[PDB]
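> Once you've seen the sequence and the experimental structure below, I've got questions.
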Amino acid sequence: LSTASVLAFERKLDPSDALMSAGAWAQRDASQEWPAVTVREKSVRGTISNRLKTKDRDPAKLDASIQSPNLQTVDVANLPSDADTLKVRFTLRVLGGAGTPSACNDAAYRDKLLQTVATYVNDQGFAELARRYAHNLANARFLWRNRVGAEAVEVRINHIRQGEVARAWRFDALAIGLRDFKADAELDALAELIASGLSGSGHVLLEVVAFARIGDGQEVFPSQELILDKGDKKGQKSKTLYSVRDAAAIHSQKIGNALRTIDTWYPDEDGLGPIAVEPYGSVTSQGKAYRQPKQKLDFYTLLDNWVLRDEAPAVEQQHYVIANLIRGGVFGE
Amino acid sequence: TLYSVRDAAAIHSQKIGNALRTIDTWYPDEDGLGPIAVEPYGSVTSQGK
RNA sequence: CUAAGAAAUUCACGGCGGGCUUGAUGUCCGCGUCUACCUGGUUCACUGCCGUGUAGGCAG
């Protein structure tokens, strides 16, 4: 018996597009009304400071190229000059039961995966993965470049049942560390709530409110809208920021990628900090191919070893595999 | 067109940032001119050199 | 059984120097607005001396 070839693990822990507004610190308690940060426009005259060749380039050509300016046009977004706090608000559906997919060839593989995910729900419900998701919510990983340089970052997490509240935590993202993962009673409570929310025990819907003193007038960093620019259609414009209806927003993909930094046992290194959890797991910015497929430590070959040969490595690799299936994606080519 | 914000005339942030980093006094030409801005291929483009 | 399935995609920046917009002018002529009226609106379903617990007689 072989396994299914067309498989589609689905999205789970879906965050919303984070909207940004701006106001003053210590009046953040009664703040549901702050005006949105909007993407402004300005012009740039710069030099050319990139690396330049010494072969097949004329001396007069590079003398004419360095000494002539570059006049591009970019987008920015700043806080107002009397507002020193970047508010970031988003919601987070926690669905439940990310084990089984909904695209399967083999019925025997599908209920076999149901057998092993019911085994994992039986012996221990989602505890350390819930710890790591609740701790990424606890600090400000969703604040990417908004985090560094801030003197005070607060995370407030409310839970939704009806037009009312169920619990109101309060997390100090400066006091809560960045690298070494610990556990505390509020973090235990949030990890327990979404621990119920992950194993299909019902419906969990959260909304997270963040605050950050940066300083009045400073640069915020919404995400960047992409463009191909392959050859022709060069353009007067660069740095297209991302927006919604009249506000500066962060993509769902990148705040989800901020939620999915779990793996501390990748085989390349273990003291540099965690990386992003994905098959062929390697962060995009570094470019170094972490989690080489020629070892047994993929999601592909490891799932093929774990569902046919019925053997197992240590429990942390299974935490990585269960984080892969909570992540979603494609198994097989 | 002059740069502005809501109801206020403004200087860009990078113009102030350029005026802060005018430090370099060891470009190999001379000390007769003075400090220029720190830059790779350190170029005062406003005088074309 | 949602054209099924899924995705960090980026870091840096000096726009600037200069200028004569000016000359001249007829907005005109004429006109019918008129008929009738209940604000008691409660101008807070309320303001005050007996004990600051529903515990009192006034042209309220």
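Good, I have the coordinates. Numbers count the residues shown, from 1 in each chain, chains lettered A, B, ... in the order given.

> Give me the phi and psi for whichever residue of the stretch 51-200 of chain A sits closest to chain B.
Closest approach of the stretch 51-200 of chain A to chain B (Cβ to the nearest Cβ) occurs at residue A:69, with a separation of 4.7 Å. Backbone N, C-alpha and C define where each C-beta goes, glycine included. Here is the backbone geometry of residue A:69 (degrees, to the nearest 10): phi -80, psi 170.

> again, but for residue A:127
phi -120, psi -60.

> Skipping adjacent residues, who's closest to it in space?
Leaving out its chain neighbours, the residue that sits closest to residue A:127 by Cβ to Cβ, 6 or more residues apart in numbering or on different chains is residue A:195, at 6.3 Å.

> Assumed that neighbour was part of a strand.
No: if the criterion is DSSP: H, G, I helix; E, B strand; the rest coil, then residue A:195 is helix and not within a strand.

> what residues does chain A put near chain B?
Contact residues, chain A versus chain B (Cβ under 8 Å from any Cβ of the partner chain): A:40, A:42-45, A:47-49, A:52, A:66-69, A:219.

> At the contact with RNA strand C, which residues of the stretch 151-300 of chain A appear?
Selection of the stretch 151-300 of chain A residues close to RNA strand C by Cβ under 7 Å from any atom of the strand yields A:221, A:223-224, A:226, A:238-239, A:251, A:253-254, A:256-257, A:276, A:278, A:283-286.

> what's near enough to touch residue A:2?
Each residue near residue A:2 by Cβ atoms under 8 Å, 6 or more residues apart in numbering or on different chains is listed here: residue A:106.

> and it, which of the three is it?
Residue A:2 ends up coil, using three-state DSSP.

> can you give me the helices in the stretch 1-150 of chain A?
Using DSSP state H, counting those that start in this stretch, the helices of the stretch 1-150 of chain A run over A:59-66, A:107-123, A:128-138.

> Show me what the shortest one is in contact with.
It refers to helix A:59-66. Contacts for helix A:59-66 (Cβ under 8 Å, 6+ apart): A:47-48, A:52, B:41, B:43.

> And for the longest one?
Defining contact as Cβ under 8 Å, 6+ apart, one finds that helix A:107-123 is touched by A:1, A:3-4, A:99-101, A:104, A:199-200, A:307, A:318, A:322, A:325.

> May I see the PyMOL selection of the buried members of the residues you listed?
In PyMOL, a selection of the buried entries from the contacts of helix A:107-123 looks like this (16 or more other Cβ atoms under 10 Å in any protein chain shown):
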select buried, chain A and resi 3+4+99+100+101+104+199+307+322+325
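
> Now the two most distant members of the contacts of helix A:107-123.
Maximum pairwise distance among the contacts of helix A:107-123 (Cβ to Cβ): 27.6 Å, between A:1 and A:199.

> Could you find the closest non-adjacent residue to residue A:311?
Using Cβ to Cβ, 6+ apart, the closest residue to residue A:311 is residue A:305 (6.5 Å).

> Grab the nearest non-local neighbour of the closest residue to RNA strand C within chain A.
The nearest approach of chain A to RNA strand C comes at residue A:46, 2.3 Å away (Cβ to the nearest atom of the strand). Excluding the flanking residues, the one nearest residue A:46 by Cβ to Cβ, 6+ apart is residue A:70, at 5.0 Å.

> Ok, residue A:201 next?
Distances taken as Cβ to Cβ, 6+ apart place residue A:96 nearest to residue A:201, at 6.3 Å, with adjacent residues excluded.

> mind listing what the one you found touches?
A:197-204.

> Name only those of those that count as buried.
A:197-199, A:204.

> now for the residues you listed, which pair is the farthest apart?
Going by Cβ to Cβ, the pair spanning the buried ones among the contacts of residue A:96 furthest: A:199 and A:204, at 10.7 Å.

> Residue A:257 falls within a strand, correct?
No: Residue A:257: not assigned to a strand; according to three-state DSSP it is helix.

> Tell me how many other residues crowd it.
Using other Cβ atoms under 10 Å in any protein chain shown, residue A:257 has 18 other residues around it.

> now do the one 3 residues further on
Residue A:260 has 22 neighbouring residues, counting by other Cβ under 10 Å.

> what do you get for residue A:241?
18.
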